[PDB]
Amino acid sequence: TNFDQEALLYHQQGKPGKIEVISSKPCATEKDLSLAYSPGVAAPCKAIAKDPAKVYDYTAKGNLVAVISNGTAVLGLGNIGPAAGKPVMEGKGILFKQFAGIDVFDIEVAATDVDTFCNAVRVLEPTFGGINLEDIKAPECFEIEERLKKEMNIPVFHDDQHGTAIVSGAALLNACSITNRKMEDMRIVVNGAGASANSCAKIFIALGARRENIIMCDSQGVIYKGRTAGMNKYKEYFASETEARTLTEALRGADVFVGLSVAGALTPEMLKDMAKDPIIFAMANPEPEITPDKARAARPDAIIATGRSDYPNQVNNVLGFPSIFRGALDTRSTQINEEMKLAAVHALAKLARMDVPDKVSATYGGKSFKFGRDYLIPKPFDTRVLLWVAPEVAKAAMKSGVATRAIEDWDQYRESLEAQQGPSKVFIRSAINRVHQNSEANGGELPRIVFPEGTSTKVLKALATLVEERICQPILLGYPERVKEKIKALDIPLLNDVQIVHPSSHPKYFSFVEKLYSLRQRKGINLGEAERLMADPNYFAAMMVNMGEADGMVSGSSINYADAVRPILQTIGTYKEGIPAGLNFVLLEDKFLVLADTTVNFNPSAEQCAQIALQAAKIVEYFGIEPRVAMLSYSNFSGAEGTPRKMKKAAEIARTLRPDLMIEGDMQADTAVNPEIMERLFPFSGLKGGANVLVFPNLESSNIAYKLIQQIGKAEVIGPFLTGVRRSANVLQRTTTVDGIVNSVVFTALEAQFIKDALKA
Ligand SMILES: NC(=O)c1ccc[n+]([C@@H]2O[C@H](COP(=O)([O-])OP(=O)(O)OC[C@H]3O[C@@H](n4cnc5c(N)ncnc54)[C@H](OP(=O)(O)O)[C@@H]3O)[C@@H](O)[C@H]2O)c1
């Protein structure tokens, strides 16, 4: 088919291969090269000589894992040599980085001999922090893995050996917990004994099971002690003394069936002879041992957990090894013992026993997952796997004593793992922590945020994420029966105690109408119009925030920006001199930039531009950053008629209002953001160090710039966030994702807290 040709093109387009080695530190200036190389490179080397433990602090040893192979068990191809298995190694390293943020040096060793292979790997100690054996044929894999573990003083893990056992072991706990099948009376049969099967039997035994109920099969029927030594000695370790010697006979009364063999190894005769709840594992990749559709045609009580991406409960190795190595490497452990492997088994099992956010669903075609029978293990592309399995593996290293580094703060450890998702995740987590610390000084009082669109799916999905973070107390607006129907349909268990208010049925509804009428009676609104407006949730939510029934509101997900801002501007107002304005955060690796005004004012005047700068400067001061404001123009300090004169005057007005801030203009965009340009060309400017607040002359420039930065610049931009309003209120867009709604609610909660304490003082 075209898939194989497309794969060849994927490995040949542009740069051949799939990996690239780049520098993580500045290496452009001569000073940069002198720091990275001689004579600056000698200083880190001296420290490692005195203290060998510093090799984990000055080099990339703490994040480097070697995927070493000899190419004798490359997938289903078999023994194709080490060079032919190179693309598999490169793909394995990609999975390591994409799911655990681990740098990988893939190694192919042209030595099929066990003794030669072990000596070559053993001398590679001072390079890598861990070794990942992969695609090594039996029985050579067992002997290589054992000696390497004893000799090498760094974690050694054969993914083909233990990786599948951990994922299947986690599924077994989830499968039995929904069938009342206590492991003490739990019969296990593994068909196709080999590299993975031996570890699977050992893993199950460590999971409260006994070898007496475990029987292993082979191509020559069912093996047992009566067989004349079978093959090798590894499979003889778990061999039982059961008289049965046929897969048909041995599967009678078998609680589970682990199909780690070739395709077409199941018959309906033993499919209807296992138990009241049989658990089967169709692990063969080229073709499943038993198709789930065929199994469903048989006894429906058969729990099926295959190993293919086209069916539920896929057993994927990518769930086990990235998080396990991340936990071992972060704790600087010296081994990957059974204690840590069991921790990953438990962590994966508990993770499936949890709610599935829309991020997992949207990744897999927008499906639904619950802890039932079609979802027994976390999905391979689930982001939370690293956030849950890795800390569990890290803890097991501490309790087993292998770990040589201490993780005292565990909340910081998860947010360090979460920080791998980008600067936007870091920025929002910092804002979430600020909300928590603001609430902690307020006595644990979370802000109340009302949503006029409780029927909206994106708002409801975002609220599922927001309640777990303890950011706010959400209030939904609408018919309680109509929104609870959608809450149940979308299956959020956390959104069950959430308060739902119908505007017309509220006890304070008629008091709200009188307040709206008194505010708008000489602005074209009569009593009949006020009653009709107050029935609209957007107007009702604005009056709850204005009166005090809520601290903030988030709307605009189902209407245009202009139609959603209007109730906020009419019910709530602006402050003494405030002006409504949209605000965007441009999140860079080192700093962040504030852009205003991006959504409201078409052509602000000099007085309005100065007010916009002051509002944006206060938002920057929320985070403890010193605001440095630049009025943007197409010219550099000219004051010519039009925009340059307006922006020059805007800076003068703003400096008068807040004389303790760095406000300057008019400049160009590159002059504002580059400190080197400012010092070289305009040393007279009062703005030093670069601007972090950017004020635009009109809406065309501000809107186009932040949308071009988001698209072309590939920088993280979050917003827009409404500013200049008397109370906390934010307006979404129809195109906002649930992640953008989460950021908007976090900003609304942050602004509500600041408005609350400012009003308190
Ligand atoms: N996705 C996963 O998590 C995962 C993990 C492991 C394996 N698998 C799949 O499961 C299969 C087996 O694993 P493997 O790669 O280790 O296999 P393998 O050893 O390469 O070959 C299967 C072995 O099982 C035995 N066997 C062959 N046909 C059999 C049959 N009809 N009934 C019973 N035993 C039979 C043979 O043992 P003798 O050599 O003693 O005759 C053979 O060596 C492969 O298809 C593999 O891709 C999937």
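Computed from heavy atoms alone, side chains included, the values below leave out hydrogens, waters and symmetry copies. In this chain, residues are counted from 1 in sequence order.
For the 3.5 Å distance criterion, the side chains of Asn316 and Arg308 fail to qualify, holding no donor opposite an acceptor.
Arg296 contributes a side-chain N or O that, together with a main-chain N or O of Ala302, makes up a donor-acceptor pair within less than 3.5 Å. Proximity of a side-chain donor or acceptor of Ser199 to a complementary backbone N or O of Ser196 within less than 3.5 Å is not detected.
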#### Entry: Trace of the salt bridge (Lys or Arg N to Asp or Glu O under 4.0 Å) decision for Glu418 with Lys425
CA-CA 7 Å; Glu418 178 221 18; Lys425 228 79 197 161; 5.6 Å; no
### Task
Please test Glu145 against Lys149 for salt bridge (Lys or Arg N to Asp or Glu O under 4.0 Å), starting from the C-alpha separation and ending with a verdict.
CA-CA 6 Å; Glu145 212 263 302; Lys149 270 192 296 201; 3.3 Å; yes
#### Entry: Test salt bridge (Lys or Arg N to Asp or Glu O under 4.0 Å) applied to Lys92 and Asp135, step by step
CA-CA 11 Å; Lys92 200 71 150 30; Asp135 286 344; over 6 Å; no
### Task
Could you go through the salt bridge (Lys or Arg N to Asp or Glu O under 4.0 Å) check for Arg373 and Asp277 one step at a time?
CA-CA 11 Å; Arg373 267 131 154 102; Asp277 286 302; 3.3 Å; yes
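More than 12 non-hydrogen atoms from other residues, nucleotides or ligands lie less than 6.0 angstrom from CZ of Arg414. Within a 6.0 Å sphere centred on CZ of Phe105, other residues, nucleotides and ligands contribute 12 heavy atoms or fewer. Atom CD of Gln13 has more than 12 heavy atoms from other residues, nucleotides or ligands within 6.0 Å. At most 12 heavy atoms of other shown residues, nucleotides or ligands fall within 6.0 angstrom of atom CG in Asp411. Annotation for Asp51: atom CG counts as buried by contact number, over 12 foreign heavy atoms lying within 6.0 Å. Residue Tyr237 places its OH atom among more than 12 non-hydrogen atoms of other residues, nucleotides or ligands, all under 6.0 Å distant. Within 6.0 Å of CD in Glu6 there are 12 or fewer heavy atoms belonging to other residues, nucleotides or ligands.
Under the 4.5 Å side-chain criterion, counting only non-hydrogen atoms from C-beta, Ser361 is in contact with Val356. Contact annotation: the side chain of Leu95 never approaches that of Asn317 to less than 4.5 Å [non-hydrogen atoms, C-beta and beyond]. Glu392 has its side chain out of reach of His346: every pair of non-hydrogen atoms, C-beta onward, lies at least 4.5 Å apart. Looking at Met270 and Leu247, their side chains come closer than 4.5 Å, going by heavy atoms from C-beta outward. Proximity of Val393 to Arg326: side-chain heavy atoms (C-beta onward) are nowhere separated by under 4.5 Å. Side-chain contact between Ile336 and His162: absent, with no pair of heavy atoms (C-beta onward) separated by less than 4.5 Å. The shortest side-chain heavy-atom distance between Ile324 and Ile166 falls under the 4.5 Å cut-off. When side chains are defined from C-beta on, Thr334 counts as touching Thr404, because their heavy atoms get closer than 4.5 Å.
Of all the heavy atoms in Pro380 and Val318, the pair that sits closest is CB-CG1, 3.7 Å. Listed here is the closest heavy atom pair of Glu184 and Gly208: OE2-O, 3.0 Å. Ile215 approaches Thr242 most closely through the heavy-atom pair CD1-OG1, 3.6 Å. When all heavy atoms of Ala193 and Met216 are compared, the closest pair comes out as CB-CB, 4.4 Å. The two residues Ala349 and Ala170 come nearest to each other via the heavy atoms CB-O, 3.8 Å. Across every non-hydrogen atom of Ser323 and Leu386, the tightest pair is OG-CA, 3.6 Å.
Using a 30° and 60° split on the angle between ring planes, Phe99 and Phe381 fall in the parallel class, below 30°. Using cut-offs of 30° and 60° on the angle between ring planes, the pair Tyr234 and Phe142 is tilted.
For the pairing with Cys118, the side-chain contact (heavy atoms from CB on, under 4.5 Å) check across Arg147, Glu146, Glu143 returns one residue only, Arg147. Tested against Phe117 for a side-chain contact (heavy atoms from CB on, under 4.5 Å), the candidates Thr72, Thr112, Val109 yield a single pass: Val109.
Listed by first and then second residue, the salt bridge (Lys or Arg N to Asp or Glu O under 4.0 Å) pairs that reach into residues 185-212 come to none, sequence neighbours excluded.
Taking the six-membered ring where the residue is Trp, the centroids of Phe321 and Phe157 are separated by 6.0 Å or more.
Rounding to the nearest 0.5 Å places OG1 of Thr306 at 9.0 Å from CG of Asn313.
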